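**Student:** The structure follows.
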Amino acid sequence: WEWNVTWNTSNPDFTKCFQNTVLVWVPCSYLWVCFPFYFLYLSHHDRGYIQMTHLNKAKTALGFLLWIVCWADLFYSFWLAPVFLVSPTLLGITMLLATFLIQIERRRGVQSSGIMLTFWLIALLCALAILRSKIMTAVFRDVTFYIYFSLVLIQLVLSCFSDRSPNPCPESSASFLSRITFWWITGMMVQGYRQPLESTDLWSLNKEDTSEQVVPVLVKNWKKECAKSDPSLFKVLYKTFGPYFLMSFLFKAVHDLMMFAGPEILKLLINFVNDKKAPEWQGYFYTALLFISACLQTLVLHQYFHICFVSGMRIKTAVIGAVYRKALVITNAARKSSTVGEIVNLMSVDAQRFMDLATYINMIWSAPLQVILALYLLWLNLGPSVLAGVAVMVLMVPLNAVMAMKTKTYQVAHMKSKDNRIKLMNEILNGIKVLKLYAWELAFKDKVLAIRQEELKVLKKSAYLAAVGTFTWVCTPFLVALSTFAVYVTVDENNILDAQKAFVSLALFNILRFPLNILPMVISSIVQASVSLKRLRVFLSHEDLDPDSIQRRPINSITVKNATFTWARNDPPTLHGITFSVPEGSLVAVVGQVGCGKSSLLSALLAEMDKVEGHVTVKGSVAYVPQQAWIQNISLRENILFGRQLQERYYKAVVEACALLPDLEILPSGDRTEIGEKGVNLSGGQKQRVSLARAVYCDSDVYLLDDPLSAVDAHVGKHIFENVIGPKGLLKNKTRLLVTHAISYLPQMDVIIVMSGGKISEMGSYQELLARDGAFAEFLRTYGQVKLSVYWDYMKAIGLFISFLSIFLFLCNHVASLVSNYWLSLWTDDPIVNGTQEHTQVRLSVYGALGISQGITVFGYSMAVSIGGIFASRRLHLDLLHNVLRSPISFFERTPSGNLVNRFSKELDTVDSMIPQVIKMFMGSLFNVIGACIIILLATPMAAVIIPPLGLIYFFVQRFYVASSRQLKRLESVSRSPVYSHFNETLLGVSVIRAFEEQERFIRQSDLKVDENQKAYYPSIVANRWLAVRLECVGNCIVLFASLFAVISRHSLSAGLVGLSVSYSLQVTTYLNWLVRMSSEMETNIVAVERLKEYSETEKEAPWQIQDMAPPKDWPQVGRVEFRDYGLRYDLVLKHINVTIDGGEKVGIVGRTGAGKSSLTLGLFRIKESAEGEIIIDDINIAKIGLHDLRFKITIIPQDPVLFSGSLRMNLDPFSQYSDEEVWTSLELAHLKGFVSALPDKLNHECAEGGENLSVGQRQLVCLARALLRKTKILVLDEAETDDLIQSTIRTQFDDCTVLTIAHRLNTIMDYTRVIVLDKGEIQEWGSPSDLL
Ligand SMILES: COc1ccc(CCN(C)CCC[C@@](C#N)(c2ccc(OC)c(OC)c2)C(C)C)cc1OC
Ligand SMILES: N[C@@H](CCC(=O)N[C@@H](CS)C(=O)NCC(=O)O)C(=O)O
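Below, the structure written as structure tokens:
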């Protein structure tokens, strides 16, 4: 080895000894160090054995022949040089290890082989080097090498094909090349462009990713760790997911080391360029090396991502699964400790935090390592001056720190300021009819605007924080570079800033940019994950229930002796010393007062109570009808079935026996209707009916009916007891325990267990208990792509001047950056007078001025983008609110309130917060790519020949990502929420799930939900890997071509130009894929603006204020109403209505269900436009008057008064127009003075959502107080305990005003003269009640 023939000549030939020693030791050596390690994977991971195929044999036979050929050399050598003995034998032995390895890989089920691929690639390269040397030298031993090389090449080609297997995910059967390049998703991508992606096209999860495989291992590990007893969830997580984290650590270390090869090869290239008389091949070598290294880096890095992402995926699944399982075992006290919302948060935000932390968790050690290595390299280049740059990095430690903290604070406040608003919006939509009737649209618009501006103040304050953060991501490279260069050129004048010591350092600064700024974000995520992990450990350490506590003996039916139960370990017993024996097929009624311990008995028989002592021996399956009915959001049929085979005869015998036939009839789809909170709401009695029907269908032997007939009416209850619970019903032979407080069915009960204060008190049969005359007698005596129009709409909303100013400013940003780097290039070309440069001070001052301009410009650009973001959020929210409030009630009843809450919450969150960040990051990446291309073209114009093809590839890749990822990011969004919804419903009915022993069914359903979510999410991140590989293969191609065209034109190119072009090419690699990632996020985000602007063109109400034909101040002079041929369209509910209600004449409206009674009120307030009618009050037409005017001059007391959150005064007078004396007088006149004076807050009593704290009677009287305070001559009443009071009050002082009354009760209407009867919209009778009879 000497430089004359290897380095300093125009023919870069390796020496003969080097060829025969190191080039052969490299590949053989690779297999020798990997072989042992590879048994670990081959053994721990198995998939069966592959069959006997031609490919596998072809590879094995060539391995045998290759070994022979290599040993044939030893034979000829045996037939002087020491290397002619050891090298052939070593090659033969490693070759014998290669063929044995494909053999064992066949045995262990490895279709492709990465180890048997990289090894052949390394051998091929070594053979290629020797080959070129041997063909340049020119029979005896050469022909053996040609045979060796041809066999190695054919072996390498064979090793690429994937063997036979021993919508499945293609990753399982993908080859090594397809796995590293992520080609197995490519087809999906093109599919995602050709046709829309549904959940049916998503591949089945890998077996190792399915919930039923990951959750168990975590469950067993956690049980083992908690059995060893303080529990540590971190150790459990480590023990479960260690291999993935270690693999990610290895890949991140490799990437860390390989990303700094770029600057070293750039330094070598700059030395090559500035030094002429150097062999040209050295140049083309360096570029090639750089490209190769870069390629390797990206591959490694993306593998490092995949594992991490996969790991996070698995972790999320495990956590969710574990939580679900823990939800089914925890005692009642433990669930009372943490609210249902907090457990759902454990499922959602903690798991999401873990999965999104796993992406950058490894930077907690990579970033310090990257920083230390980069500082070492800079110290090699610059010297001690690098310390100054370190100072800037140190100066970036606190700022980022406080920045992070401040952001969190703002975010938290933002969250709060949003939640209230959403709650208020939830009150506006649920109660919009009342607001329209009372014309309170403007008041609640003002309230929502106030809360929104409170949120916008926090958003504006966080705009500055985000601008500071953007600055620390754009000027961190220059902030370090300017300091280091200034110190370097100032401390000693002999320090020359050549291209090697400037642009290599600049590339190092660009590298240092990421780790420095991501370390604070990683720390913040680690703290936010520490709190979530503490919550997860708190939940998973909660006490477990003992099914053993209750003896569940398969088929004296229920046995309890001396059993005392508790609701908590330290709380006193609720059931003291209970004993009773319920025989098989007997009806037992629990009897007591409120708080006696009746429901506690049924809870204790289900192992829900904490048994401090006793013995319970419930025999056979138990069907529980809880007091609070638990309804699944599935259809009513599946609610009754409860995951059981449908039997048409048994189902149709159960449904009517519960008297569910009328309920089925009223419901739209029958029994297929979607009952539950999300679907159609059901009355309490109907919910009890569904619960009882589910229990009866379940066909258990023991039934625990905790007050099944509380909410059903007396006739319905008696019918139910006759056909279901009674001795002649459906459950005649079933052991039925019924908790009741109704005597009507007591004599039919076989055994009555009457108790008092949680103690058995003389149980017995009804007649015997009555004869005894004791406790029971006492008890009885008790009583496509988004269009550019939406982008332009956001541009208009963001502020046209703001948008164009931001574009111009950030153009100045990138122009300043490019000019600063070109100025540095000119500075590096400066001649050196003696040991000093010509003009260093001037160039340094210009560099600093350009950089300070760039810093203030990025500050201003981020500031302006965020300011425009808050501007657009304000305008879009205001327009959405105005459109929603001005829209008719028909729109509200048509569109589900879920979509309106979606608009007001998630679209607003996307528009106001993350759209501006997406815009900033996308613009930055796009112009970084543009500037890199501009610099490459300026340095090497010929490189334009690479612009089309690569660009074409980019375009193609972009398309195949943008069309596909969105579809995968939509299917994720629709699949994540069901997982928590299911959990929430499970959390609500844990007792029902336990009682019916259907825990495994719900566990499997949760597994399926999480599996669907992961089937949506895994392609989402694999698509990111695929796009990143594709585009960092283009940016690597950009690096190679810029480097190659700089080497080709090295004579006309200065070293500074080469360094500048190569550094910008290095950074465009990272910037290019993020450009497309951001573009996809922008496309997904602008659909939010589209959704916000949807109701802007829908049909709106008539104008609230006309102001051309406004009525006088006293519009209802006497209150003379005249329906002149009124016809309401919603074929005609109201038709042929010609009636006249005189001023101050009491008139009521009577009719059956389906008549136009209520619709008539909607005619008065113009809720629905008159299809044909001329309602005129006094001498003024209603249709001509603006809505607000008439809605203010007419008052309505609806069926259910809607009390809004806030003070009572804001309920009575939202506008605060009426004085306090008027409010007090109206409240006194509403029989409410005594109560309203009782609240400590006086008139400012904070009533909750819907007035839950207030009683129904009080809310009704508050609505009456509203009507009385309005002091209008026309009043409408909608009648359904306090009836005597409200009727008297409406008959007390409103005799002066004209009152219409729609009452379902004839008793009240009889008092009112001039009754109007509506049969089917027609006026059946028009006259006084005296003429009625
Ligand atoms: C590409 O230019 C920019 C990059 C980042 C920023 C700051 C935006 N901040 C929210 C920080 C983003 C941080 C981050 C993300 N997401 C990021 C995005 C894009 C990046 O450049 C390709 C990046 O590397 C510098 C980091 C990390 C966490 C992956 C502004 C930029 O320009 C205005
Ligand atoms: N050179 C950086 C690259 C890290 C990187 O790619 N950053 C962002 C994108 S520029 C990322 O992690 N991407 C996550 C994703 O795939 O969504 C390093 O030090 O790892």
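Under the entry's author numbering, read the sequence shown as residues 16 to 94, 102 to 160, 169 to 196, 206 to 268, 310 to 635, 642 to 869, 955 to 1301, 1306 to 1455, 1462 to 1514, first letter to last.
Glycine residues also receive a C-beta, built at the ideal position from the N, C-alpha and C atoms.
Compute the minimum distance between the beta carbon of residue 1095 and the heavy atoms of ligand 1, and state whether it is under 7 Å.
**Tutor:** In the sequence shown, the residue the question calls residue 1095 occupies position 924. Correct: residue 1095 has its Cβ closer than 7 Å to ligand 1.
**Student:** Over what stretch of residues does the beta strand (DSSP E) that includes residue 677 continue unbroken?
**Tutor:** Locating residue 677 in the sequence shown gives position 591, where the first residue counts as 1. Its beta strand (DSSP E) spans residues 673-677.
**Student:** I want to check one thing, is the minimum distance from the CB of residue 335 to the heavy atoms of ligand 2 below 7 Å?
**Tutor:** Position 255 of the sequence shown, counting from 1, holds the residue named residue 335. The answer is yes for residue 335.
**Student:** Assign residue 1322 to one of three DSSP states: helix, strand, or coil.
**Tutor:** As a first step, residue 1322 must be located in the sequence shown, where it is residue number 1147. If DSSP states are grouped into helix, strand and coil, residue 1322 belongs with the strands.
**Student:** Residues in its own chain within less than 8 Å of residue 820 by CB, not counting five upstream and five downstream?
**Tutor:** Reading the sequence shown from its first residue, position 734 is the one you call residue 820. Taken in chain order, the residues that qualify are 671, 786, 787, 788, 789.
**Student:** For the candidate residues 1467, 1475, 1509, 1252, whose alpha-carbon lies nearest to that of residue 1324?
**Tutor:** Looking up residue 1324 in the sequence shown gives position 1149. The option with the nearest alpha carbon to residue 1324 is 1509.
**Student:** Unbroken alpha helix (DSSP H) runs of length 4 or more, entirely within the segment 411-498: which are they?
**Tutor:** You should have 412-417, 420-425, 431-440, 443-461.
**Student:** Classify residue 83 as buried or exposed, calling it buried when 16 or more other Cβ atoms lie within 10 Å of its own Cβ.
**Tutor:** The sequence position of residue 83 within the sequence shown is 68, counting from 1. Per the 10 Å Cβ criterion, exposed.
**Student:** In whole angstroms, what is the alpha-carbon distance linking residue 1176 and residue 406?
**Tutor:** Taking the sequence shown and counting its residues from 1, one reaches residue 1176 at position 1005. Taking the sequence shown and counting its residues from 1, one reaches residue 406 at position 326. Taking the straight line from one Cα to the other gives about 15 Å.
**Student:** May I ask you to check if the CB of residue 1199 is nearer than 7 Å to at least one heavy atom of ligand 2?
**Tutor:** Reading the sequence shown from its first residue, position 1028 is the one you call residue 1199. Because some heavy atom of ligand 2 lies under 7 Å away, the Cβ of residue 1199 counts as near it: yes.
**Student:** Out of 805, 724, 436, which has the shortest C-alpha to C-alpha gap to residue 743?
**Tutor:** Translated into the one-based positions of the sequence shown, residue 743 becomes position 657. Nearest of 805, 724, 436 to residue 743, Cα basis: 805.
**Student:** CA-CA distance, residue 133 and residue 579?
**Tutor:** By one-based count along the sequence shown, residue 133 stands at place 111. By one-based count along the sequence shown, residue 579 stands at place 499. If I take the Cα positions, the gap works out to 50 Å.
**Student:** If you draw a straight line from the C-alpha of residue 766 to the C-alpha of residue 773, how long is it?
**Tutor:** Locating residue 766 in the sequence shown gives position 680, where the first residue counts as 1. Locating residue 773 in the sequence shown gives position 687, where the first residue counts as 1. For residue 766 and residue 773, the distance between alpha carbons rounds to 12 Å.
**Student:** Can you list, in chain order, the residues of its chain with a C-beta nearer than 8 Å to that of residue 692? Leave out the 5 residues immediately preceding and following it.
**Tutor:** Your numbering for residue 692 matches position 606 in the sequence shown. Closer than 8 Å at the Cβ level, and outside the excluded window around residue 692, lie 630, 708, 710, 790, 1162, 1165, 1166.
**Student:** Hey, how far is the Cα of residue 1433 from the Cα of residue 1414?
**Tutor:** Here the question's residue 1433 lines up with position 1258 in the sequence shown. Here the question's residue 1414 lines up with position 1239 in the sequence shown. In a straight line, the C-alpha of residue 1433 is about 13 Å away from that of residue 1414.
**Student:** Looking at C-alpha atoms only, which residue of 349, 355, 380, 356 is the closest neighbour of residue 368?
**Tutor:** The residue you call residue 368 lines up with position 288 of the sequence shown. It is 349 whose Cα lies nearest to the Cα of residue 368.
**Student:** Per DSSP, residue 94 forms a beta bridge with which residues?
**Tutor:** For the purposes of this step, residue 94 is taken as the residue at position 79 of the sequence shown. DSSP, once it has assigned bridges, lists no residue as partnering residue 94.
**Student:** Give the DSSP-derived three-state secondary structure of residue 701 in the structure shown.
**Tutor:** By one-based count along the sequence shown, residue 701 stands at place 615. Looking at residue 701 - three-state DSSP - the assignment turns out to be strand.
**Student:** With a CB to CB cut of under 6 Å and the five nearest residues on each side skipped, what residues in its chain are close to residue 736?
**Tutor:** Indexing the sequence shown from 1 puts residue 736 at position 650. Closer than 6 Å at Cβ, skipping near neighbours: no residue.
**Student:** Alpha carbon to alpha carbon, how far is residue 747 from residue 968?
**Tutor:** As a working note, residue 747 is residue 661 in the sequence shown. As a working note, residue 968 is residue 797 in the sequence shown. So the two alpha carbons sit approximately 54 Å from each other.
**Student:** If we ignore side chains and look at the alpha-carbon of each, how far apart do residue 1124 and residue 1130 end up?
**Tutor:** Walking along the sequence shown from the start, residue 1124 turns up at place 953. Walking along the sequence shown from the start, residue 1130 turns up at place 959. Each residue's Cα considered, the two are about 10 Å apart.
**Student:** What residues are listed by DSSP as bridge partners for residue 1422?
**Tutor:** Numbered from 1 along the sequence shown, position 1247 holds the residue referred to as residue 1422. Residue 1422 is bridged to 1381.
**Student:** Specify the secondary structure class of residue 1047 as computed by DSSP and reduced to three states.
**Tutor:** Along the sequence shown, one-based indexing puts residue 1047 at 876. DSSP places residue 1047 in helix when its eight states are reduced to three.
**Student:** At what residue ranges does the segment 722-749 contain a whole run of the alpha helix (DSSP H), taking only runs of 4 or more?
**Tutor:** Runs found: 722-727, 734-743.
**Student:** Run the proximity test for residue 1195: is its beta-carbon closer than 7 Å to any non-hydrogen atom belonging to ligand 2?
**Tutor:** Mapped onto the sequence shown, residue 1195 falls at position 1024. Yes - ligand 2 has a heavy atom lying nearer than 7 Å to the Cβ of residue 1195.
**Student:** At a cut-off of 7 Å, would you count residue 595 as near ligand 2, judging by its Cβ distance to the nearest heavy atom?
**Tutor:** Taking the first residue of the sequence shown as 1, we reach residue 595 at position 515. The answer is yes for residue 595.
**Student:** Going by DSSP, what residues sit across from residue 1345 in a beta bridge?
**Tutor:** In the sequence shown, counting from the first residue as 1, residue 1345 sits at position 1170. The partner list for residue 1345 (beta bridge, DSSP) reads 1299.
**Student:** In whole angstroms, what is the alpha-carbon distance linking residue 1428 and residue 535?
**Tutor:** Start at 1 with the first residue of the sequence shown, and residue 1428 comes out as number 1253. Start at 1 with the first residue of the sequence shown, and residue 535 comes out as number 455. Distance between the alpha carbons of residue 1428 and residue 535: 28 Å.
**Student:** To which residues does DSSP link residue 1497 through a beta bridge?
**Tutor:** For the purposes of this step, residue 1497 is identified with residue 1316 of the sequence shown, where counting begins at 1. 1324, 1507.
**Student:** What residues are listed by DSSP as bridge partners for residue 1514?
**Tutor:** The count along the sequence shown starts at 1 and reaches residue 1514 at position 1333. Its beta-bridge partners do not exist; DSSP assigns none.
**Student:** Between residue 554 and ligand 1, is the CB less than 7 Å from at least one heavy atom?
**Tutor:** Taking the sequence shown and counting its residues from 1, one reaches residue 554 at position 474. It does: the Cβ of residue 554 is within 7 Å (strictly closer) of some heavy atom of ligand 1.
**Student:** When the Cα of residue 479 is compared with those of 564, 376, 599, 433, which residue comes out closest?
**Tutor:** What you label residue 479 is simply residue 399 of the sequence shown in a count that begins at 1. Looking at the Cα atoms, 599 is the closest of the given residues.
**Student:** Relative to the C-alpha of residue 539, which residue among 859, 1292, 1312, 1080 is closest?
**Tutor:** As a working note, residue 539 is residue 459 in the sequence shown. For the residues 859, 1292, 1312, 1080, the minimum Cα distance to residue 539 belongs to 1080.
**Student:** Please determine, among 355, 627, 603, 149, the residue with the shortest C-alpha to C-alpha distance to residue 175.
**Tutor:** Taking the first residue of the sequence shown as position 1, residue 175 is located at position 145. The candidate whose alpha carbon is nearest that of residue 175 is 149.
**Student:** Check each candidate in 1020, 1211, 1142, 1269 and name the one with the smallest Cα separation from residue 1059.
**Tutor:** Taking the first residue of the sequence shown as position 1, residue 1059 is located at position 888. Comparing Cα positions, the closest option is 1269.
**Student:** What is the C-beta distance between residue 797 and residue 740, in whole angstroms, given that I count them as a contact (C-beta under 8 Å)?
**Tutor:** Taking the first residue of the sequence shown as 1, we reach residue 797 at position 711. Taking the first residue of the sequence shown as 1, we reach residue 740 at position 654. Not a contact, Cβ separation roughly 19 Å.
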